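To begin, one chain is listed below as structure tokens, in the form solved without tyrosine.
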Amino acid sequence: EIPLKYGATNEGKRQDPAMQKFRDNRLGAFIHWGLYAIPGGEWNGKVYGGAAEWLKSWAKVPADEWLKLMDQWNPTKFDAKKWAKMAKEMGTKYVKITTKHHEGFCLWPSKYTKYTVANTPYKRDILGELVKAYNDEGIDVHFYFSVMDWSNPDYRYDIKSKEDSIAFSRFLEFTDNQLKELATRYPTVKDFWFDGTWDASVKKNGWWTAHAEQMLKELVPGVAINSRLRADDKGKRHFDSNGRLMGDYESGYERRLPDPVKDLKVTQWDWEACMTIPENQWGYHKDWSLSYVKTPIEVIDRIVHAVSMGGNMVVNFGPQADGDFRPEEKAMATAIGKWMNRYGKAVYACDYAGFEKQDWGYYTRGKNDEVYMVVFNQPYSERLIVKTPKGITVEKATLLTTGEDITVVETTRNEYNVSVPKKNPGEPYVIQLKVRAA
């Protein structure tokens, strides 16, 4: 036991209603929108292959010159009601929005910096319009916030001098000012998802990360805070020096997921994965031919994979500079929504089922002991193997969409073949099991 002032504050999962809501939502969308959408990964005739939102770094653009992109910020096709409609039709239950990325441009009219939407031709409070429109559709809003800020010359990557320490202290005050402003201007916010907290400067000021968590929790009742914000007294991140999760949920599975056999430890805490459609582009990049682009079924597999292991999944969108979505993203959101409309009873408010993983897909468990089989890989044998935990038996199987009864055959003690449906559903599909405990 290492004594810590700024280590973990929760013991186990939060079970207050706000955390239950964060969890039951399960499926979210991410929006990365900022000045990087304007060049879209290209600078002065070179298209950079790195993530578009990092183009300032790839093209070595000085801050003043990068931030002059504000003069081009005029997304005339933006309509927050249309964005909220697209999210609703996709089946998302919440949206995480970049309030400010590393570049430091704010999507709300901050009084603490001139680098904001207010000082662009468009003028309007994008973040405020989104909060209202998403909330009008019943969709929760979460705020992404980058602590690292390339627009503020008080930022420091490490503290190597008295002057660095004074500057970084001013930087933390500026950061607190913005965070309090977000929390009070948009009091329906349900979560702060911090990024840009990996530098030595933040690791040496773990106390500040704990402070920011506590400050936001006092301002916004029931607010969630991600693990990535948090460093302990020793500079240890996400999990403290005693191995305890800091913040309210683990937020490290970013473009990767826990193994369904080897990583069952994740079922012990809340967690949220986020993923990009291309291999590694969050902000708008004009050239999606540069890396592999996931198909809708690949995305749906990841969504179900997360819920099957007790986690949420957030699918990223990088809107165009004009305020509309690219056709690949409109197609993705539509295809996800069509699937979720049909099969979402096996996703929303579901969790880890405690069954041995099988090759056909994933199990999820509903709030009333329903066990859903979500089938992604159709066996040529036309039999879906179900091995039940000790004392659990399968009483019935039903095809979710039609309610048709599915034959269940016991093959050995604790093992069944559940028949595939008489007609191949032609897409990933759900069979609902009625199970009984000894």
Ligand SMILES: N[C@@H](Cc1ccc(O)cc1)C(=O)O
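The first residue of the shown sequence is 1; numbering continues from there.
The same protein has a further form, the form deposited with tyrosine bound, not shown here; the description that follows concerns it.
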(request) With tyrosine left out of view, choose which of 59, 385, 392, 399 has a non-hydrogen atom within 4.5 angstroms of it in the deposited bound form. (result) 392
(request) Select from the listed residues 183, 141, 353, 84 the one whose heavy atoms reach within 4.5 Å of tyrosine in the deposited bound form. (result) 353
(message) Please pick out the stretch from 64-72, 369-377, 404-412, 42-50 that is in contact with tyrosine in the deposited bound form, where contact means heavy atoms within 4.5 Å.
(response) 369-377
(request) Please run the contact check for residue 8 against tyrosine in the deposited bound form: heavy atoms, 4.5 angstroms, yes or no? (result) no
(message) Considering non-hydrogen atoms and a 4.5 Å limit, does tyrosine approach residue 437 in the deposited bound form?
(response) yes
(message) I'd like to check something about residue 365: if you look in the deposited bound form, is any of its heavy atoms closer than or equal to 4.5 Å to a heavy atom of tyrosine?
(response) yes
